[PDB]
Amino acid sequence: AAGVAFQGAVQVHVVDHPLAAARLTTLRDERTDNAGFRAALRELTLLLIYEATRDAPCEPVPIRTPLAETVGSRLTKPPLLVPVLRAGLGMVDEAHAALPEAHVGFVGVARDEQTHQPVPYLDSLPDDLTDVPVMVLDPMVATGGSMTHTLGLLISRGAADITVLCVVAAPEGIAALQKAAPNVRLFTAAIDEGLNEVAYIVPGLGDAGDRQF
Amino acid sequence: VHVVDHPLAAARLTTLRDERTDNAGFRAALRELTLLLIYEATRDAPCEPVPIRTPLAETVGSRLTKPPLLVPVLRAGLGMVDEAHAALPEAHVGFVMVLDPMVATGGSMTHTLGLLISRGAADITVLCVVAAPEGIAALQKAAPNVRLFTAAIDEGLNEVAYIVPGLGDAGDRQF
Amino acid sequence: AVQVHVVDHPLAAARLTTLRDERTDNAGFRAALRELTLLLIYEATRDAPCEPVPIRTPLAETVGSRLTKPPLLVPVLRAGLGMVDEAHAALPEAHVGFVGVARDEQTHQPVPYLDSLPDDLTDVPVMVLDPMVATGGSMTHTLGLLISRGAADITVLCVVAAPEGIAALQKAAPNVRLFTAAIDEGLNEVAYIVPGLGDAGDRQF
Amino acid sequence: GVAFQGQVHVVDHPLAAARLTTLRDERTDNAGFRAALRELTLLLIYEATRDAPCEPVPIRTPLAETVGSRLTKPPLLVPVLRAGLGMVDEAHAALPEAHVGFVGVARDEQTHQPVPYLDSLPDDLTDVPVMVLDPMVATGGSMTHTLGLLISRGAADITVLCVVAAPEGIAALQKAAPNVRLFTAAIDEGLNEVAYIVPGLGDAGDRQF
């Protein structure tokens with residue numbers, strides 16, 4: 001937990017938190033059913049959301065309360081959340097709960113049976129100009145192709161500071177992160193060994209989408 | 001006394017305070033705030049390894065060895081627990097992490113902590129959203145090893161012994 | 001006795017089957033409980049009232065309905081708080097009151113403890129929530145203090161019922177209505193419902 | 001409380017009507033809008049799944065052996081993106097065993113026709129029930145697009161869940177598919193200049209995201 005620097009000075013932060021570890025140990029077990037995999041994934045997403053939303057600026061708000069008037073606080077950056085589909089959709093339906101005020105955009109990638117190159121059909125996103133913080137929500141950061149391709153259109157609209165949330169990433173994937181966007185930050189629950197013949201992360205979680213749907 | 005100044009916390013606390021907010025949003029911004037308290041207060045927690053196998057290959061995870069006995073204090077700290085079970089699924093529950101939105105005077109809490117360590121309760125953690133100096137004063141008066149996690153420290157209580165500014169009556173704003 | 005309503009719905013039966021299996025982890029036990037509750041709520045809230053109310057859409061003026069008299073929820077603890085935090089969702093407008101009870105491992109009696117409510121007056125519908133209505137002592141104790149304040153119509157939502165428990169119900173109150181997922185065989189040596197689910201409390205806490 | 005037309009079933013339930021009223025209100029926060037949506041989704045599921053738990057289950061309780069039931073043939077859920085995803089993380093709650101498929105389309109500004117795109121779909125042949133989830137069945141284009149590719153893969157009986165439908169959308173349904181079943185909480189008068197349903201709720205997506 002620091003986490004590491006890597007090649008393009010890609011900054012990674014490893015959520016080593018105990019309840020993080022426990023949810024993670026639930027997510028990888030092959031004994032666990034898709035329900036418990038969805039629920040484990042969800043509660044694990046707020047952990048990442050919390051570790052990433054630390055240095056998020058704020059803003060005072062004039063407020064009442066019961067028994068007289070007082071002043072509170074309210075975050076000031078409106079985080080665009082971006083689920084990478086298919087897999088990053090369990091993560092979003094209560095990042096909302098963590099971040100109610102935050103808006104959602106849709107871009108993603110899907111992999112070929114053999115070549116493994118990302119397929120790109122979709123474009124339903126905001127007017128994502130400059131000063132807009134963007135968290136990308138993808139569980140398995142594997143080769144990077146899927147990740148690299150979303151950020152490819154993020155930065156095309158001039159996406160500012162980028163954070164990426166993921167349960168597990170691989171040294172291949174983070175490397176293709178540095179090559180793509182040197183000033184994006186990455187939050188994982190674990191770094192792994194690497195990929196395999198089928199570019200699945202190992203040990204990892206299996207196919208993250210399949211065991212939610 | 002550990003004050004969770006995290007922005008999501010300060011936000012959620014801002015919402016609990018507000019008079020405009022419905023009990024439901026009150027109940028929603030409380031449960032969600034209780035998670036942050038859990039996350040800060042469990043960050044030095046002892047663990048334990050677990051041999052498991054993934055669908056692909058075999059490895060070793062971490063249990064957390066000694067999960068806590070939650071204790072919610074009635075009537076107020078039960079809108080906390082039905083989401084604290086989400087954070088800690090293996091936590092057992094009693095009626096130690098003590099769960100109570102307003103530590104005001106401290107009697108309700110210390111009366112609980114008196115029967116906690118009666119039986120032999122080691123390290124205790126307390127979780128509230130708001131505390132009064134009076135209540136914290138009562139605390140170490142009773143157990144001076146306990147730790148306390150709160151979203152803010154307020155001025156103190158008033159004539160009726162409510163925390164000011166505070167949120168009102170935390171029980172009344174959920175039930 | 002009477003009046004029982006068995007929720008024999010497809011999803012309801014699957015959730016009960018999960019709740020009964022001993023193989024199921026208590027996280028899955030609370031989740032299947034949680035889910036199985038709304039089904040009971042949905043059935044018990046079919047002959048509820050409505051207003052209608054004037055509201056405005058982003059596009060036109062219209063009228064909807066709400067509930068005129070949303071019920072006072074009364075979870076029976078220790079067991080019945082896995083039930084209530086999702087009933088909340090189904091009925092946002094419902095208020096909550098609390099009492100708890102504890103049946104012994106010898107005397108067979110519940111040591112009731114709780115008196116945390118909204119004082120009585122109406123003409124207030126009440127939905128008492130507790131998963132196992134076995135002996136009836138826990139239930140009957142609660143209903144005594146509900147109708148002590150003058151409780152009108154009482155609904156009881158539970159997971160499983162025993163004939164002995166239902167027998168005590170119309171011993172205490174013959175006008176309450178009961179919604180169960182199943183009526184079982186009865187109790188045992190230890191005043192547990194057989195086949196049942198075991199202890200409903202222990203399997204969430 | 002259900003109801004019928006003449007395929008269409010209007011869920012006139014007290015909680016459904018209470019939850020519906022909340023979805024239209026403009027005063028409600030989008031969080032409460034999605035919270036109100038979440039509950040009203042299950043109500044529709046419960047009314048629409050009055051059927052099929054035709055498997056008994058041998059199980060054993062902590063106090064002796066007994067037999068229960070589960071559901072045979074659990075439906076493939078198909079939320080229409082981006083709107084009907086506030087619905088599906090809790091349909092999951094209703095139907096734990098249900099697998100999920102994705103197939104979204106938006107509506108264009110002017111023009112009219114939905115620019116379609118989306119093929120994240122399981123291995124579907126014949127005897128597989130489908131419950132499509134989308135809050136607003138307006139023009140019918142978004143829906144029929146989905147159903148066009150569902151029944152390309154030989155989809156059997158199809159159910160559609162929505163919060164409100166317009167007469168124009170249901171018109172579009174039975175010309176695309178005359179055997180599909182529809183479940184809404186209310187039937188409104190219709191669409192407007194820009195093809196929003198009036199009274200409706202405004203835009204169901206924007207009111208969650």
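In this analysis, Cβ positions are derived from the backbone assuming ideal geometry, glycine residues included, and neighbour counts consider all displayed protein chains. Read-outs throughout are calculated quantities, based only on the coordinates presented, and are distinct from any laboratory measurement.
Please enumerate the residues belonging to region D:49-70 that are in contact with a strand residue (DSSP E or B) (Cβ under 7 Å, 6 or more places away or on another chain) and either within 30 Å of D:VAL115 (Cα to Cα) or not small (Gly, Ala, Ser) (or both). First the steps, then the outcome.
Looking only at region D:49-70, we keep the residues that are in contact with a strand residue (DSSP E or B) (Cβ under 7 Å, 6 or more places away or on another chain), and these are D:53, D:55-59, D:63-64, D:66-70.
Once the filter is applied, which keeps residues that are in contact with a strand residue (DSSP E or B) (Cβ under 7 Å, 6 or more places away or on another chain) and either within 30 Å of D:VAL115 (Cα to Cα) or not small (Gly, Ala, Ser) (or both), region D:49-70 yields D:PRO53, D:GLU55, D:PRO56, D:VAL57, D:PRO58, D:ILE59, D:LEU63, D:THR66, D:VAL67, D:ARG70.
All but one of (1) surrounded by fewer than 17 Cβ atoms within 10 Å (Cβ to Cβ); (2) over 30 Å from A:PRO126 (Cα atoms) hold for A:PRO60, so report the exception by its number. For A:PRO60, the failing item is (2). For A:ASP33, are the conditions met, namely being over 22 Å from D:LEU121 (Cβ atoms) and not aliphatic (A, V, I, L, M)? Against the criterion (over 22 Å from D:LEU121 (Cβ atoms) and not aliphatic (A, V, I, L, M)), A:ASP33 qualifies. Within region C:167-176, the residues that satisfy the criterion of being closer than 13 Å to C:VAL4 by Cα and surrounded by fewer than 16 Cβ atoms within 10 Å (Cβ to Cβ) are C:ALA167, C:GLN170, C:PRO174, C:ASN175. Exactly one residue among B:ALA76, B:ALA91 is farther than 25 Å from A:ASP16 by Cβ, of a type in the set (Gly, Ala, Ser) and within 16 Å of the chain's Cα centre (by Cα), and that residue is B:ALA76. Tallying residues that are crowded, with 19+ Cβ neighbours inside 10 Å, within 17 Å of the chain's Cα centre (by Cα), assigned to a loop (DSSP other than H, G, I, E, B) and of a type outside the set (A, V, I, L, M) within region B:123-166 yields 3. Against the list (1) surrounded by fewer than 23 Cβ atoms within 10 Å (Cβ to Cβ); (2) in contact with a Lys or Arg (Cβ under 7 Å, 6 or more places away or on another chain); (3) within 20 Å of B:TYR39 (Cβ to Cβ), the condition A:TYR50 fails is (2).
Considering each residue of region B:156-175, count those that are among the β-branched types (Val, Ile, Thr) and more than 7 Å from chain A (Cβ to nearest Cβ), and give that number.
In the first step, residues of region B:156-175 are kept if they are among the β-branched types (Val, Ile, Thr); the result is B:160, B:163-164.
Now restrict to residues that are more than 7 Å from chain A (Cβ to nearest Cβ): B:160, B:163.
Residues that pass the stated criteria total 2.
The residue that is nearest to C:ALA31 (Cα to Cα), counting only those in region C:177-186 that are surrounded by fewer than 19 Cβ atoms within 10 Å (Cβ to Cβ) and more than 9 Å from chain D (Cβ to nearest Cβ), is C:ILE183. When you look at C:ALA200, is it of a type in the set (A, V, I, L, M), within 14 Å of another protein chain (Cβ to nearest Cβ) and not in a helix (DSSP H, G or I), yes or no? When the stated conditions are applied, C:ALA200 passes them. Is it true that C:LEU114 is surrounded by fewer than 21 Cβ atoms within 10 Å (Cβ to Cβ), part of a loop (DSSP other than H, G, I, E, B) and touching a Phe, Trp or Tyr at 6+ places or on another chain (Cβ under 7 Å)? Judged against the criteria, C:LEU114 is not a match.
Against the numbered list (1) away from chain A (no Cβ under 12 Å); (2) under 19 Å from D:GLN208 (Cα atoms); (3) in contact with an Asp or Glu (Cβ under 7 Å, 6 or more places away or on another chain), D:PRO129 comes up short only at (2).
Screening region A:1-24 for residues that are surrounded by 22 or more Cβ atoms within 10 Å (Cβ to Cβ) and β-branched (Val, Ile, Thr) and picking the one that is nearest to B:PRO49 (Cα to Cα) gives A:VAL15.
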